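Read the structure below first, then the notes.
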Amino acid sequence: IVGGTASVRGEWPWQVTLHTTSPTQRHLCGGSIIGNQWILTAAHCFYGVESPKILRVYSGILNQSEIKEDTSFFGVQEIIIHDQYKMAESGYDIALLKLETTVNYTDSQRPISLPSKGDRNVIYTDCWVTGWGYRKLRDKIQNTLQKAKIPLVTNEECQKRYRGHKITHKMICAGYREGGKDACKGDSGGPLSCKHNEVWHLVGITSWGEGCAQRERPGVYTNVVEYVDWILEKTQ
Ligand SMILES: CC(C)[C@@H](NS(=O)(=O)c1ccc2c(Cl)cnc(NC(=N)N)c2c1)C(=O)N1CCOCC1
């Protein structure tokens, strides 16, 4: 997250840190709890990942430094990547992780609702991107989970900024005209969460962008509402 601020304990209880454990243990991607055994994340996170054996999902984490040899985590039973996924920039950047056991909900770990049936025309004005990602192109994973409020931009404006890519109705973009606040490397797969009528909804999944927080180069996210049928089919 570029231009973000430190989050506090229990602030984003759906946010998870997905770690890889080979050849070293490190934060690979963000993700969101959407059910008792389900994490919604980005397909691009799994590039070169041999199998789910090397993955660990840590929930209720604020600082990456909290993760020690005795920190509880969930094993990953299955990785379900959308069958049309090719590369983040081309879309379908969505994946589900089925956990080896169920998540017991607490103040520190809770699911986030998907955009609701009947809310297709809602104009979201309170959207936040969170993650342990870079604060600039050449940086490192951050210790404390960062947050930044970002305004959504129309698909029409987004397409004008990315004339080399196909910005489809299955993507949603967000960014300030002058840049400054945005997602970056390491925020991949995490949520773009929007609060509407005091209820948080998982509107986007962090996917890609040209640079980080660059002027007129908004972040591009998987448009979750367009995958609700796919999510429901895979989770049932
Ligand atoms: C367009 C690619 C050359 C590449 N661009 S990048 O500058 O290296 C970069 C890297 C990661 C980013 C993530 Cl995860 C989120 N948001 C960004 N930018 C933004 N919100 N403005 C990211 C910018 C990029 O996005 N990815 C991510 C998807 O897998 C391929 C590499």
Side-chain angles (χ1 to χ4, degrees), residues 1 4-19 26-42 45 55-68 70-77 94-116 119 122 124-133 141-150 172 174 181 183-184 186-207 219 221-222 224-225 227-228 231-232 234-235:
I1 308 285
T5 198
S7 297
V8 292
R9 221 156 285 274
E11 195 173 6
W12 311 103
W14 50 92
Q15 173 83 59
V16 296
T17 170
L18 175 65
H19 277 214
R26 60 186 182 89
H27 163 89
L28 174 63
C29 275
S32 302
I33 301 167
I34 64 159
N36 65 7
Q37 241 190 337
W38 296 106
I39 305 302
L40 188 66
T41 187
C45 299
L55 302 181
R56 296 182 177 180
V57 169
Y58 289 91
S59 59
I61 294 302
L62 177 61
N63 297 340
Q64 290 286 329
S65 62
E66 287 159 37
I67 302 172
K68 290 145 192 172
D70 78 317
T71 300
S72 187
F73 55 87
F74 298 87
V76 175
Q77 197 177 350
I94 193 168
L96 284 156
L97 302 180
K98 194 173 191 276
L99 306 176
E100 288 283 12
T101 199
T102 50
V103 180
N104 187 226
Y105 306 141
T106 69
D107 296 316
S108 73
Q109 52 198 42
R110 202 185 167 180
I112 182 167
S113 173
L114 300 175
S116 307
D119 278 4
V122 163
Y124 297 102
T125 60
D126 189 17
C127 299
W128 294 77
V129 65
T130 52
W132 292 268
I141 297 306
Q142 301 302 110
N143 193 42
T144 309
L145 181 62
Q146 301 292 113
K147 64 171 174 169
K149 186 189 189 158
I150 324 283
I172 192 158
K181 284 175 172 176
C184 200
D187 291 323
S188 304
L192 174 66
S193 316
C194 302
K195 193 181 73 163
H196 172 60
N197 297 324
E198 321 304 321
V199 176
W200 290 96
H201 295 274
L202 180 58
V203 168
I205 301 166
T206 300
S207 182
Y221 300 78
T222 300
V224 178
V225 71
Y227 290 92
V228 166
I231 297 160
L232 297 180
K234 299 298 178 181
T235 66

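These values consider heavy atoms only, across backbone and side chains, with no hydrogens, waters or symmetry-generated copies. Note that the numbering runs from 1 along the sequence shown for the chain.
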Evaluate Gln15 against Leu145 for side chain to side chain contact (heavy atoms under 4.5 Å, CB included), listing each step before the verdict.
CA-CA 9 Å; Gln15 173 83 59; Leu145 181 62; 3.7 Å; yes

Does the plane of the ring in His27 sit parallel, tilted or perpendicular to the ring in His19? Use 30° and 60° as the thresholds.
perpendicular

Can you measure from CH2 (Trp38) to CD (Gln77) and round to the nearest 0.5 angstrom?
8.0 Å

Could you verify whether a donor N or O on one side chain and an acceptor N or O on the other, from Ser193 and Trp14, lie under 3.5 Å apart?
yes

Using side-chain heavy atoms (C-beta onward) and a distance below 4.5 Å, is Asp107 in contact with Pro13?
no

What heavy-atom pair brings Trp132 and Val16 nearest, and what distance separates the two atoms?
CZ3-O, 3.6 Å

Between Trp12 and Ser7, is any side-chain donor less than 3.5 angstrom from a side-chain acceptor?
yes

Should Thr144 and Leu62 be marked as a side chain to side chain contact (heavy atoms under 4.5 Å, CB included) after you check the CA-CA gap, both sets of side-chain angles, and the distance that decides it?
CA-CA 6 Å; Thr144 309; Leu62 177 61; 4.1 Å; yes

What is the distance from atom CD1 of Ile112 to atom OG of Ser32, rounded to the nearest 0.5 Å?
6.0 Å

Side chain to side chain contact (heavy atoms under 4.5 Å, CB included), that's the test. Do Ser207 and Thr222 meet it? Break it down for me.
CA-CA 6 Å; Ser207 182; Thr222 300; 4.2 Å; yes

Are any of the side-chain heavy atoms of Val224 and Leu40 separated by less than 4.5 Å?
yes

Drop me the distance from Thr17's OG1 to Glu66's CD, to the nearest 0.5 angstrom.
10.5 Å

Show the nearest heavy-atom pair for residues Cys45 and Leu28, with the distance to one decimal.
O-CD2, 3.6 Å

Please find the pair of heavy atoms, one from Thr206 and one from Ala183, that lie closest to each other, and give the distance.
CG2-CB, 3.7 Å

Mind checking the CZ-OG1 spacing from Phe74 to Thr102? Nearest 0.5 Å is all I need.
7.5 Å

Under 3.5 Å, side chain of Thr41 to main-chain N/O of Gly30, donor-acceptor pair present?
yes

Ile1 backbone acceptor or donor facing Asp187 side chain under 3.5 Å
yes

Within the distance-only criterion (no hydrogens, no angle test), does the side chain of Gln37 pair as donor or acceptor with the backbone N or O of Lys98 below 3.5 angstrom?
no

Please walk me through it: do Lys149 and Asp126 pass side chain to side chain contact (heavy atoms under 4.5 Å, CB included)?
CA-CA 7 Å; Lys149 186 189 189 158; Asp126 189 17; 3.5 Å; yes

For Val122 and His196 the tightest heavy-atom approach is CG2-NE2, 3.6 Å

Distance check, rounded to the nearest 0.5 Å: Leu232 atom CG versus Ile34 atom CD1?
8.0 Å

First locate atom CG of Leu18, then atom CG of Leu55, and finally report the distance between them rounded to the nearest 0.5 Å.
5.0 Å

I want to check something: taking the side chain as every heavy atom from C-beta on, are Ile33 and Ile39 in contact at a cut-off of under 4.5 Å?
yes

State, yes or no, whether a side-chain contact exists between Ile61 and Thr71 at a heavy-atom distance under 4.5 Å.
yes

Donor-acceptor contact present, side-chain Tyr105 to main-chain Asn36, <3.5 Å
yes

Within the structure provided, determine whether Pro115 and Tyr124 are in side-chain contact (heavy-atom separation under 4.5 Å).
yes

Nearest heavy-atom contact between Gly35 and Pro111 is N-CB, 4.2 Å

Can you name the nearest heavy-atom pair linking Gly133 to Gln142, along with the distance?
O-CG, 3.3 Å

